[PDB]
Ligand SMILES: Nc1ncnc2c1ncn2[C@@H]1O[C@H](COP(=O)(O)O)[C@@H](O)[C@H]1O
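Take a look at this single chain, the form deposited without the ligand, given in structure tokens.
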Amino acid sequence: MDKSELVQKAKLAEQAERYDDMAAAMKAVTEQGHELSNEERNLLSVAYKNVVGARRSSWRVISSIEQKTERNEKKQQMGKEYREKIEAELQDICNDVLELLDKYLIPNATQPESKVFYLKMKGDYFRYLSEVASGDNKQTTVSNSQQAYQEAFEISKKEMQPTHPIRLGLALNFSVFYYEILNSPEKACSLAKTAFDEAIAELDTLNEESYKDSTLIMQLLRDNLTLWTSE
């Protein structure tokens, strides 16, 4: 099967709600090593969001049942083994995505918006590993998660306008990450305020017909600031 055929197969699998097929199709597309179109990039992102989402969902369901269980019914030990089977798949799916990002997507990215998309995706997929990571492996995945967002963060700052909706929103994502996962409320606030203020300073340059493309995300940065400072 060639790229055109795989892409079509991918859209058919989406329609049929067969997301693993959809993901396998777009994995193979990605492996031709060429920069993906917006259509293709969207398809891959969707494909894997859904495949990863289903196991995450299954895992939340099992963890919850495990904790309502009486703690030596040999049933309890099914929920252990089963959760662990889910986890291993979840990690397998994540490793695929990360391999694609390391090997093809990030290195071939020619434009800064694509490079930032893929770096953030890498950040997101490490975050999913961390949700089922063990003790000492859990700090590794969070650092790997931070570093990917940091790298994307730096590129937006350097290649995009303060007012750009991807830069904002990466600012938002990254600030929330410092707050929610790294327990750093002061860095979280510092980050948000800087993003907010920088875009504020260039409100000047926006078109009255589409300023909300920027303004809506800035409102969220601001909302978080007042929320986080109120604590």
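Heads up, when I say rigid core I mean the largest set of C-alphas that superpose within 1.5 Å between the two forms. Numbers follow the displayed sequence, beginning with 1. Shifts are known only where both forms have a C-alpha.
One more form of this protein should be noted, the form solved in complex with the ligand, which is absent from this view; the next part is about it.
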Please classify the binding site as open or blocked after superposing the ligand from its position in the deposited complex; blocked means at least 3 ligand atoms come within 2.4 Å of backbone or C-beta atoms of this form.
open
Sort through 184-192, 66-74, 51-59, 36-44 and report the only stretch with a non-hydrogen atom within 4.5 Å of the ligand in the deposited complex.
51-59
Just checking whether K115 would be counted as a contact of the ligand in the deposited complex - the rule being heavy atoms within 4.5 angstroms.
no
Residue contact check: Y128 to the ligand in the deposited complex, 4.5 Å heavy atom:
yes
Knowing the shift is 3 Å or more, I'd like to know if the C-alpha atoms of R71 and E131 are closer or farther apart in the deposited complex than in the shown chain.
farther
In the deposited complex the CA atoms of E131 and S175, compared with here and shifted by at least 3 Å, lie closer
Pull up the moving segments between the shown form and the other one: at least three consecutive residues, every CA shifted by 2 Å or more, rigid core held fixed.
70-72, 156-229
